[PDB]
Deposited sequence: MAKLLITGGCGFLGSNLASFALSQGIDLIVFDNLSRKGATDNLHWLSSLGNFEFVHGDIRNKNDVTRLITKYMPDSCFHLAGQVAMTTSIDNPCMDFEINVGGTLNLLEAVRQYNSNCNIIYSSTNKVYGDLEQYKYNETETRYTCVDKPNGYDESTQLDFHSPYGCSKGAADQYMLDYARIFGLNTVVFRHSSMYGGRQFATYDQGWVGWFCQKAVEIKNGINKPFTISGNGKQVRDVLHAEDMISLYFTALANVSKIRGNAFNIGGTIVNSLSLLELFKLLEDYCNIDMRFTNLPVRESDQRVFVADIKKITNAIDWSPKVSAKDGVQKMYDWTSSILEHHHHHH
């Protein structure tokens, strides 16, 4: 079976590609090498096995259509995207072209030239908006949603906030609708935070890795900022848990096609920024000092209620936050 990974030299993509390579799956990677680290990732993958690398711009309809027609993949992980909320605010046009435009270029090519292709799309918890319709409590280290003790499920109201939220949300709904109307085999994952090796976090994207870099410099002598008070919460999912989800879901596509699933590390793996700092301090014997910025354009809490996916395919995260965090630290140091 042929597997195509758009954005294959990115964090998620490179991790998935490596599994594909280890499983002997014929792999096609499509990326523009725009993310700092993508080139390194590509070099690393090449050291793992042989595959087809196709440089291309997801925004370009011709590039995308030729990719599909030429390789006719059996399955595809559509990860090429504009990933930062901050950049979407400064460059909404690019964000729209990449996330909405790129997704539609892929959907149209698939529909017209390769309709049986199984597609998994990485959406976001931002399609849910600010989540201010619920009530929260504030403790010493974090906020808590009184109404949704175990996280939010797919029945949560859609309300796209920020251009990134609107472009991913539009792509999300089109993915789901192409399954209904045109019979495409699509699957949508509304993802909460992810972290792991091959992630080249930045100030604008990859909060967990970013703060690890923070803890790393501190360690080698190099205040930083935090948006808001640090008590905002996100469930954190390690790359190892993401790989299993992708491949397992792909293998069960016939059963789950046409649905969206909330994906995250779950309540047990929930962390506030403050809580994340503790952990790092405690591992590296350090002190993370910072200044405050106003709250971002932001969910006080985001925890996925994964009953849906668990029930469908029996997947659950095996990597705990503490564990994954130390490993993330180790990897960051490694750079």
Stretches of the deposited sequence lacking C-alpha coordinates, in sequence order, are 1, 224 to 225, 301, 340 to 347
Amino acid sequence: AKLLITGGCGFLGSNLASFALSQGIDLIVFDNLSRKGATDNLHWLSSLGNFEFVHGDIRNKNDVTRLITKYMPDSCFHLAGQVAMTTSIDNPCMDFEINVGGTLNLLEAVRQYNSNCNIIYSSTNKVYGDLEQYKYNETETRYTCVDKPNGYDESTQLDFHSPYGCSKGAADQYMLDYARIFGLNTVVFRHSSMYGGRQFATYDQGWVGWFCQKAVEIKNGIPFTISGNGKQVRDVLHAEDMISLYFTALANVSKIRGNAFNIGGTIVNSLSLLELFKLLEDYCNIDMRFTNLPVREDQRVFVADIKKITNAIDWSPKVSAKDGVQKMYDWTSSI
From here on, numbers count along this sequence of modelled residues.
Entry B factor averaged over C-alpha atoms, 49 to 57 against 284 to 292: higher for 284 to 292
Comparing 183 to 191 with 225 to 233, the higher average Cα temperature factor in the PDB entry belongs to 225 to 233
The residue of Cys117, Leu250, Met94, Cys212 with the maximal C-alpha B-factor according to the PDB record is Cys212
The residue of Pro73, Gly101, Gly151, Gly169 with the maximal C-alpha B-factor according to the PDB record is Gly151
Tertile call for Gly265 (CA temperature factor, within chain, third-based) is the middle
Temperature factor at the Cα of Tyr136, chain-ranked in thirds, falls in the highest
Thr69: C-alpha B-factor third of its chain, per the entry, is the middle
Assert third(CA B-factor, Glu108) within chain per record equals lowest
Temperature factor at the Cα of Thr310, chain-ranked in thirds, falls in the middle
